[PDB]
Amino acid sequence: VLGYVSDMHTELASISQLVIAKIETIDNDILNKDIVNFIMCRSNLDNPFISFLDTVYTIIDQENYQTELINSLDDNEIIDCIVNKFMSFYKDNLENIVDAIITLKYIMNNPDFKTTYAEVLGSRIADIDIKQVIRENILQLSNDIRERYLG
C-alpha cells in the first residue's frame, strides 16, 4: 500500500474529510477534467476526490475480474451501460455517481471501446456539476463503504 500510512479504514475516513475540506477550492471545470482523466487512466492524486475514487477502486480490487466481464459484453450492452450510468451525473445519489465513474473506467480499459467512446465521454463529462452531491453525501458514502468492504 504505497502512498498509504495506516489501514484502509483510516484512509477512507481521512480522504473523505479532505474532500469536504477542499471541495470548494476546486473549480468545477478542473474537477470534471480530473474525472475524465481518472476514467482514461491518468490519476491526478492531487485532487482529493480523485484520491478518493482511486482508493475506492483499489478497495473494490476488482480490476482483473471486471475486465473479463466487460470483454464478454456486446456493443448493445455497452451502449446501454454507458447511457444508464451517465444519468447518475445529473441526479442526487453519490454512490451511483462513483459507480458510474468506476464503471466507465473499466469500460475504457478495453481498447476497442476506448477508441469508439472516449471522445464523447470526455465531451459530456465536461458539462456536469456534481459538487453539491459530493458535499451532501461524501461522508456517509465513505462510512457505508468502510462498513461494506472493510468491517
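When you see a residue number, it is the position in the sequence shown, counting from 1.
When the two stretches 113-121 and 63-71 are set side by side, the higher mean Cα temperature factor goes to 63-71. Here 37-45 and 96-104 are compared by their mean Cα B-factor, and 37-45 comes out higher. Compared with the other modelled residues of the chain, the Cα B-factor recorded for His9 ranks in the highest third. Among the modelled residues of its chain, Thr58 has a C-alpha B-factor that falls in the highest third, as given in the PDB entry. Ranked against the other modelled residues of its chain, the C-alpha B-factor of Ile26 as given in the entry falls in the highest third.
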